[PDB]
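I have placed the structure first, in the form of structure tokens, so that the comments after it can refer back to it.
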Amino acid sequence: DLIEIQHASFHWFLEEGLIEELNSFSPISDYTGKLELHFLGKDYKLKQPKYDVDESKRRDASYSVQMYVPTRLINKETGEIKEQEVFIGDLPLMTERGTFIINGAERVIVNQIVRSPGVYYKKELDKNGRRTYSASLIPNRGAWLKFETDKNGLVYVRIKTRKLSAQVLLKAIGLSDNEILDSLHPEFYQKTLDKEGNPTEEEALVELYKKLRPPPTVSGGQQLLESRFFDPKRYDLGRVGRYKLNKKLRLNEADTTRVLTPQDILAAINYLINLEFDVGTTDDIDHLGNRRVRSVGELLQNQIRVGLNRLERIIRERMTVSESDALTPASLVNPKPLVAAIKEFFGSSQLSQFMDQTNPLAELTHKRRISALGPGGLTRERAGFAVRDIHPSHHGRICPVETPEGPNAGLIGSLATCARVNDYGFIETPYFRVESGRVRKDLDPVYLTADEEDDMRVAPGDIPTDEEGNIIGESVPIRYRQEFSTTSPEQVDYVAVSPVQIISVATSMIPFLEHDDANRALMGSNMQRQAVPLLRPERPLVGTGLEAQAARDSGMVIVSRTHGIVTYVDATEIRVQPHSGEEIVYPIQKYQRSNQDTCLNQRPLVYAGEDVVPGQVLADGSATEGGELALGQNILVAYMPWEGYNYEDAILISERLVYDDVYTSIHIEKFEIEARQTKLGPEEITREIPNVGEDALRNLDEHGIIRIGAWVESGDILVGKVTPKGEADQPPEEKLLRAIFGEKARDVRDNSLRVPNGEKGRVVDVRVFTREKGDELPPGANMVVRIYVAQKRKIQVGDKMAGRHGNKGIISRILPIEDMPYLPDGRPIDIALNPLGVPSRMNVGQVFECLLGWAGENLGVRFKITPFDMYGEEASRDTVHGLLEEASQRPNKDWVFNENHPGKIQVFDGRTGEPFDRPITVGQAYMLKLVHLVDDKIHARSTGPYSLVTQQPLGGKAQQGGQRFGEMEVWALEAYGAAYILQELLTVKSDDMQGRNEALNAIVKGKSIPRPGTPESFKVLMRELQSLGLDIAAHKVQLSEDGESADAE
Amino acid sequence: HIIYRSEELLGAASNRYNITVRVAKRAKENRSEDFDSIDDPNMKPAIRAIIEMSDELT
Amino acid sequence: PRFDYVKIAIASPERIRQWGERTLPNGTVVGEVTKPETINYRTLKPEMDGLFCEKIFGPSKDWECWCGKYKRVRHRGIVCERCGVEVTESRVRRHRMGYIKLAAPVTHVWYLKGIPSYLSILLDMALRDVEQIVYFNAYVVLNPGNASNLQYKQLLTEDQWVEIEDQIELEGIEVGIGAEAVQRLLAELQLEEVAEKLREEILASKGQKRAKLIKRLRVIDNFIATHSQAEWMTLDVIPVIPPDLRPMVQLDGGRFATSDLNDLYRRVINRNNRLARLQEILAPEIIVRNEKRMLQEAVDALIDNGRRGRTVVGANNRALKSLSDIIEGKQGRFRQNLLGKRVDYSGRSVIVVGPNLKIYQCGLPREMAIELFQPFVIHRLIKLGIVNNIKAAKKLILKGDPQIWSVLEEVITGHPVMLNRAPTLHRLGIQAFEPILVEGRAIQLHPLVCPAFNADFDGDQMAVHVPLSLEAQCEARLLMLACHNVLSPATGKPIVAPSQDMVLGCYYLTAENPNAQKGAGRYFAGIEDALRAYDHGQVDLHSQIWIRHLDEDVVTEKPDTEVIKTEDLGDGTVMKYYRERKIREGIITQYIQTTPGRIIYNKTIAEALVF
Amino acid sequence: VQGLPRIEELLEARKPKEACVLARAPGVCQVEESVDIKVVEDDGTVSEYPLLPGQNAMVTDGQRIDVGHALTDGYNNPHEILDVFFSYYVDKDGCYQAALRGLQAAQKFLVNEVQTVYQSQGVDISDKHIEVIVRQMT
DNA sequence: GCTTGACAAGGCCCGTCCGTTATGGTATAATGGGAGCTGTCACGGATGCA
RNA sequence: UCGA
Ligand SMILES: [Mg+2]
Ligand SMILES: [Zn+2]
């Protein structure tokens, strides 16, 4: 299973994470001691949800459950036990795909990588001086212990504040002079004991309080130090903090997990002194053995911990004011601070991200992202060069290729294919045991938790092995202590289980990965997660074979579980019968809206009367073919330059891709309107709207709302809504115009929902959610109407297409089939790609892919080639050229392979009919269609809305915004002679309530006027500087007159 | 031939930021003189100020 | 209007109240903010005293006061005797400023916590010394006369002042605390007389501290030339921003969208009304001292939040936006609203390569040109007589008639359009083009201007801008056209050149293929004889062809002047043989061995440079 | 490998880690833990004792010393070129002529060092564009 | 090219009605607050510490 | 977060 960091994490929270939080919260007491409240956390209910999975997405709700615990309220003096179940909070459940539904939108919880708790030592040179060793005891939650060591044998303890001597903390926790020196070399400790005095057990708590809290008190020094490291519910090492203390310092005690042991502070000082004696290891901060990951089971444990602490303040403020008895325990627990704590984590936190649902490849990748940012991780400004590079401990755990380019280059990683996280939070990799030069591929792997660095010798999965005898190679390259070396095959210990263990699940879909560059393989893995689901997908011919596993783990593929006989198959359900209440129904969704405006259509695959197996595809998804995944189409390609139509990364396609419904996707948009409550009068949805005739009232059913199946275009009316007005401030021009022809204006105003510019399609869902029907509504709303419009988009000029090797491009021309070049059998060419971008970017694998897919086209065999071989030069060139020779041995196909030029044939011109001078490489390429279509990039504005303060035009496609003329754009016009264009762009086009009126009136009348006025943004800055206490004004230097000018008035 | 007429106007003038103001100040006179019903769509007043200034240059 | 220079100075307390108090036909002025209330919760009308008051800043609606009975355009320039709101336009609210009269002086945070702390330079104190007097942590001696052991401007602790209170020396010893003592220490200064005291201390016994008296003399000399006072650095009257610069709008759900300036203004008036309440009922001095310290922290957080003390927050845990935090940052008023603005008549789209076109020409789609040139199409519709107004023209544009596209075709001819791609590194990233209406939905860009814009056809979007005035059209054509931008502004080398796909077409054309000759070694009569032989199947592209060319300016790779294989004909005529030439000397004839691909290349330069 | 940070610290006029510039123009004949170079001027009388730690190499071979000839084998301090060329010429001619010759040595160092970094990366930049910003600094 | 009695329509004006709103009070005794900062790099002043 |  590829999703185990989400399913096993939420399963741990429902049985171990929720029980541990309620056991530490209980019991609580009052100020006097009259009654006590303790919970029973291990007997909670977790009742049934309210709505369905598909119903919660359209009703704008969350798939959540109610949490109830039994609560026993006892009293100290009077014997009474009050058992009652009290509501705790709303907990959203994880769906079957591993996601959550928050406010009708599907969301994921990205796993965040942080540092592991423990002690870490570091050699630091602050200046050109001696060698200083530092320390840092990091807990899971609480204060930090930073031990430093200066020159001349002075070890200090810093607990944010100023540093202090090591004897001050070591004596205040409770110790003797003989219990320190017996377990310490004590000759180095005499230099820090001379210039520190010699305090007793009570002569150190007073001096500790004088420097931390600057009167000292004998009772104040004990309450300050115990609350930092020794008090419960304020300092936590964690289950993994106790494990890292017993490994580094080699401690004998274990299973403490709550209180910091004072013997552990003595062991951290002893390891720091011995670092000057050239013994001990300096820890690394970028090592994956020191870096942990956490998931939904751990991140939810911190939100209930800060949510129950707010509940502890109200539970102690209600058992003291009410001095009377006979009170119910259900009124002591207020669920309001804990409901708002869970709702803030799932909807308002940064780590809960919007789920990418373009294709099943992006859904599987987004659940396995390893990001180093979040509330407790790193910062965008605090990220440096060392944290973004690849550590040598990332071999097989984190993918070195798949990472987003730009700002987050290296901070957001991806988990590898065979990687696995244990219960402690460390990434593990499987390895096969090698015994005396023989790979023992018979038993289960070892799953080493990054402990193979300083102990084991690990070989990758690329060495030639024999059939159970020995290893063929005499020099095996291995890795030992983060360095590569070639040793004997009898000296190795472990070997990798797969050659795709290093790369992730999205990089493994690229065939011939070893022939492509690592920079273009980064782009090829990112463009595969943006491919739209087509209308009829097609499986690739040069697939790697891992597409079948990624389709079943995405959750959008109906699988069988019963091993039965299929009875009834239609377009909505599949009914089988289980055998060794026997009729289950598998529902099939038809054209459901996704998050990225794509389709989630499922098609039936099986027929009636067929034996099935557990793990068989019953119904494939939208971007999924039969069994395996399918994100694009296999069509003909040719690497030849046309007449400037493929000049700089441009694509020339044919007309055959248009009328054959190739690269044709279905996009479903969703519109929203609401009949709110205006204080002047309630708004309602009517059909008789003013100033709109029969040109737009054709699809309404006398209710103001459109019908199902009506073709809407740009500028129509979906929901006709009116709004009452109470202005009554008519100008004298409109009063004279209305008095002539009559037709007195009504009190309503047309606020109908309309279709935006460049939008069309067919309406498929006109679901209306009103009150008194069984659904909750937001306050200040009478009727909520939701309109879903689906449209069928073909492939056009301006769309961005790409392949699996980073050869992205934008189509500039769609030629007919008689103008495209044609093969010597008469078959035309679909895509005419440019061969100039190939040798400059090292995209060699895309030439191996098309030449192998052309061999699979004439044979019809659908090759499955795994990456990272076999014999050198005999597995990539002679595989392609050897299989192209077999396709040429057919009696009908003799023109496929040539002896002089192997990977080339003769191509004829379509316009003139003459052959070209040189042979051209042809093949069957697998191209994808990305989400960056030409329809979403069109924006234009003449005059629209304006800003609130600066009175400048707004910015945005969805709100009719204007393009920003920034500071780099002024410097280009200032370097030109364009002074009148610069004054026009800053005055009459932005921030002038007077200059915009006269400039617009000049074009309609036909006589332009010069000299625009003062812009509004300068007068805002003039009033802001006067409010800062600065007498700033503008004057005139005219003859015998120095007067201030009034820019505002 | 409008781009060939503009390079002859920018040359032999010693200031390219001054002769473009005389084109812009002559196009406003050609626009006010063309206020009748006859309006040529091919010959704009901004283009007619460049052709008339190059004929008087010689 | 038109001004000539801008002068900035320190605002005196008589200058801040000049902006606040306005003349009204009554006995007193009403331009003072006394209450922290903004508006009412029942109706959406403000109150008669507050930060959004209509008696101070003006009427909320056009020609309508607050109480009623004056809601017409007939009453212009009068003040209602019942309410007090002047009946005028609603645009006067963003120009009027109120003031807040304080009950205690407050030091300005820019002069105290700034660099190099100009308040502490004039007082001849330290940075921590003035910071202990302000915010009420130590006492300063203001009159140490007739005392045993006391110095001027000496800091005293809380336990040290109560010892002198038991000793009454036996004279008048005056101390002070807070900003009332700093304002008294600045008012009794001697800025005319202290300037000559520091000048005699620089020449005599300078030492290492000569630069300290020099830096103090620069601050004192600025207060005499500008005719300012040293006591104006403390604030007694706080100015108020106009209410449209702190807008309060209501969203669709009913919630109000307030600003952070309203929460910082309310903290000043709530702590100023409490200080006037404690000073009236004779409060204990430990409460009045704590109230004046919070009034000092409320104004300093209003001016520069987080400068001296801790940053105050609101409902959300982010930092509040103060008066200084809207001008200094990258998202401030300077770098986001003054140096760079969002312009009208603009748009953007993806770009595609347009071949079979020219330079200074770009592909412009029809639905984007009808929005950018919308005031130019409407003017042509009324001029041609199709419509009569804008409402008849705008309904005809959005309807989709084929006569609208014939009007748009006649408008864009001769109208330059500036194309722009972000980021703009050099000045050739903004060039003007003459657009044409093409089929599709992308901008057909020329492939020759691609190294100029640094544009690649894999997702690049380019911004479109349209000029309006007649002077802007003449500057985009004569100075910003793409045909006049061949040379780069950095070096003297051109950038308009064949780069990727046309170099490979010219390298293969003038190459040498030693296998596909098909008729090499043939003599042709001139340049035009070889072009007529390429249209037939006579010669190939790389055939060795002798061409009779009488010109001498023949450049080639590895040129030579020596004559090898000299052959003499009859009657004294000698043939001068070369590596690539064959000249008949006495020059009679001259044959050039070349390829027909080099003749097509040399013919292209002849028809382009000679017109 | 240090192209872009070198141009930033040159225009910012920052002080480097090491600098050693001779204050006059004498005839120095080198007579060899650390090497010491004794400065003896034949035209003048007063000598000079310069500081030279053991972590610096040699550039002079003998009888080759200009007014501001440095011995660094590394990066030169542009602030030290000013006070060497100014204090040596403040006694010979006037203060205005001493400032013109002092700023000319600092201007020729900044233009030649920016063009050195830009030519190493294969970038053509004309000299008239660089010296405009150097004019605003001096 | 104008003029006069008649018939309602409606805006202010001035009373009261009741929801809305500002103000003061309650008597066992109660007596110093929480919530993060701890992985950025470079330069320029300003203290302060010998 | 994602494109250049
Ligand atoms: Mg690009
Ligand atoms: Zn009024």
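By order of appearance in the structure tokens: chains A, B, ..., then residues from 1 within every chain, and ligands from 1 in the order shown.
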(request) Name all residues at most 8 Å from region 38-46 of chain B (count only C-alpha atoms (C1' of nucleotides); drop same-chain ones fewer than 4 positions away) and give them as a list in words. (result) residues 23, 24, 27, 28, 30, 31, 34 and 50 of chain B; 410, 411, 413, 414, 470, 473 and 474 of chain C
(message) Env of region 46-53 of chain D: 12 Å cut, atoms = only C-alpha atoms (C1' of nucleotides), seq-sep filter 3 positions within chain, self excluded. Answer as a list in words.
(response) residues 18, 19, 20, 21, 22, 23, 24, 25, 26, 27, 28, 33, 34, 35, 36, 37, 38, 39, 40, 41, 42, 43, 56, 57, 58, 70, 71 and 72 of chain D
(request) List the neighbours of residue 1037 (chain A) out to 12 Å using only C-alpha atoms (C1' of nucleotides); skip same-chain residues closer than 5 positions along the sequence, and give me the result as a list in words. (result)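 The residues that qualify are residues 1042, 1043, 1044 and 1045 of chain A; 2, 3, 4, 5, 6 and 7 of chain C.
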(request) Find the residues near residue 4 (chain F): any atom within 10 Å, counting only C-alpha atoms (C1' of nucleotides), skip ones fewer than 6 places away on the same chain, and give them as a PyMOL selection string. (result) chain C and resi 421-423+455-462
I need the residues from that last selection saved to file as a PDB file, in the first residue's frame (with N, CA, C and O atoms), if you can.
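Heads up, here's the output in out-v6.pdb:
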```pdb
ATOM      1  N   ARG C 421       6.481  42.310 -21.244  1.00  0.00           N
ATOM      2  CA  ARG C 421       6.623  41.028 -20.567  1.00  0.00           C
ATOM      3  C   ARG C 421       7.374  41.222 -19.259  1.00  0.00           C
ATOM      4  O   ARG C 421       8.458  41.815 -19.242  1.00  0.00           O
ATOM      5  N   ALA C 422       6.800  40.713 -18.171  1.00  0.00           N
ATOM      6  CA  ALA C 422       7.442  40.781 -16.866  1.00  0.00           C
ATOM      7  C   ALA C 422       8.393  39.596 -16.687  1.00  0.00           C
ATOM      8  O   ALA C 422       8.066  38.476 -17.086  1.00  0.00           O
ATOM      9  N   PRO C 423       9.580  39.808 -16.092  1.00  0.00           N
ATOM     10  CA  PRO C 423      10.113  41.075 -15.580  1.00  0.00           C
ATOM     11  C   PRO C 423      10.799  41.924 -16.647  1.00  0.00           C
ATOM     12  O   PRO C 423      11.327  41.392 -17.625  1.00  0.00           O
ATOM     13  N   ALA C 455      11.447  36.024 -24.271  1.00  0.00           N
ATOM     14  CA  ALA C 455      10.180  35.309 -24.226  1.00  0.00           C
ATOM     15  C   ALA C 455      10.321  33.947 -24.890  1.00  0.00           C
ATOM     16  O   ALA C 455      10.866  33.840 -25.993  1.00  0.00           O
ATOM     17  N   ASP C 456       9.826  32.915 -24.214  1.00  0.00           N
ATOM     18  CA  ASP C 456       9.777  31.561 -24.739  1.00  0.00           C
ATOM     19  C   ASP C 456       8.331  31.085 -24.741  1.00  0.00           C
ATOM     20  O   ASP C 456       7.539  31.456 -23.873  1.00  0.00           O
ATOM     21  N   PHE C 457       7.988  30.256 -25.723  1.00  0.00           N
ATOM     22  CA  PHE C 457       6.597  29.854 -25.930  1.00  0.00           C
ATOM     23  C   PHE C 457       6.275  28.564 -25.174  1.00  0.00           C
ATOM     24  O   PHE C 457       5.894  27.545 -25.745  1.00  0.00           O
ATOM     25  N   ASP C 458       6.420  28.631 -23.847  1.00  0.00           N
ATOM     26  CA  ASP C 458       6.070  27.516 -22.975  1.00  0.00           C
ATOM     27  C   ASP C 458       5.234  27.963 -21.779  1.00  0.00           C
ATOM     28  O   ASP C 458       5.222  27.279 -20.750  1.00  0.00           O
ATOM     29  N   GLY C 459       4.539  29.091 -21.888  1.00  0.00           N
ATOM     30  CA  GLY C 459       3.697  29.555 -20.806  1.00  0.00           C
ATOM     31  C   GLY C 459       3.872  31.023 -20.477  1.00  0.00           C
ATOM     32  O   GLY C 459       3.372  31.496 -19.453  1.00  0.00           O
ATOM     33  N   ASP C 460       4.583  31.752 -21.333  1.00  0.00           N
ATOM     34  CA  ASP C 460       4.804  33.173 -21.110  1.00  0.00           C
ATOM     35  C   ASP C 460       3.539  33.967 -21.405  1.00  0.00           C
ATOM     36  O   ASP C 460       2.865  33.740 -22.414  1.00  0.00           O
ATOM     37  N   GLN C 461       3.221  34.898 -20.513  1.00  0.00           N
ATOM     38  CA  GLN C 461       2.123  35.832 -20.702  1.00  0.00           C
ATOM     39  C   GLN C 461       2.680  37.243 -20.803  1.00  0.00           C
ATOM     40  O   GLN C 461       3.615  37.602 -20.081  1.00  0.00           O
ATOM     41  N   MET C 462       2.111  38.038 -21.702  1.00  0.00           N
ATOM     42  CA  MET C 462       2.576  39.395 -21.950  1.00  0.00           C
ATOM     43  C   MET C 462       1.440  40.381 -21.727  1.00  0.00           C
ATOM     44  O   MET C 462       0.309  40.139 -22.160  1.00  0.00           O
TER      45      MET C 462
END
```
(request) Name the residues of region 242-282 of chain C that fall into helix (DSSP H, G or I) according to DSSP on the backbone, using the chain letters and numbers of this document, as JSON, numbers by chain. (result) {"C": [243, 244, 245, 260, 261, 262, 263, 264, 265, 266, 267, 268, 269, 270, 271, 272, 273, 274, 275, 276, 277, 278]}
(message) Which residues are near residue 519 (chain C)? Cut-off 8 Å, only C-alpha atoms (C1' of nucleotides), ignore same chain within fewer than 4 positions. Put them as a PyMOL selection string.
(response) chain C and resi 538-540+543
Resulting file, chosen residues, N, CA and C atoms, as a PDB file, in the first residue's frame:
```pdb
ATOM      1  N   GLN C 538      18.406  20.860 -62.660  1.00  0.00           N
ATOM      2  CA  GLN C 538      19.745  20.887 -63.238  1.00  0.00           C
ATOM      3  C   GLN C 538      20.818  20.749 -62.166  1.00  0.00           C
ATOM      4  N   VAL C 539      20.785  21.610 -61.152  1.00  0.00           N
ATOM      5  CA  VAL C 539      21.823  21.643 -60.132  1.00  0.00           C
ATOM      6  C   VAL C 539      21.191  21.428 -58.763  1.00  0.00           C
ATOM      7  N   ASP C 540      22.011  20.943 -57.835  1.00  0.00           N
ATOM      8  CA  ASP C 540      21.596  20.728 -56.459  1.00  0.00           C
ATOM      9  C   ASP C 540      21.924  21.963 -55.621  1.00  0.00           C
ATOM     10  N   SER C 543      26.283  21.922 -55.206  1.00  0.00           N
ATOM     11  CA  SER C 543      27.089  21.562 -56.364  1.00  0.00           C
ATOM     12  C   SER C 543      28.181  22.596 -56.597  1.00  0.00           C
TER      13      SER C 543
END
```
(message) Measuring between only C-alpha atoms, which one of C:480, C:368, C:418, C:164 shows the shortest distance to chain B?
(response) C:480
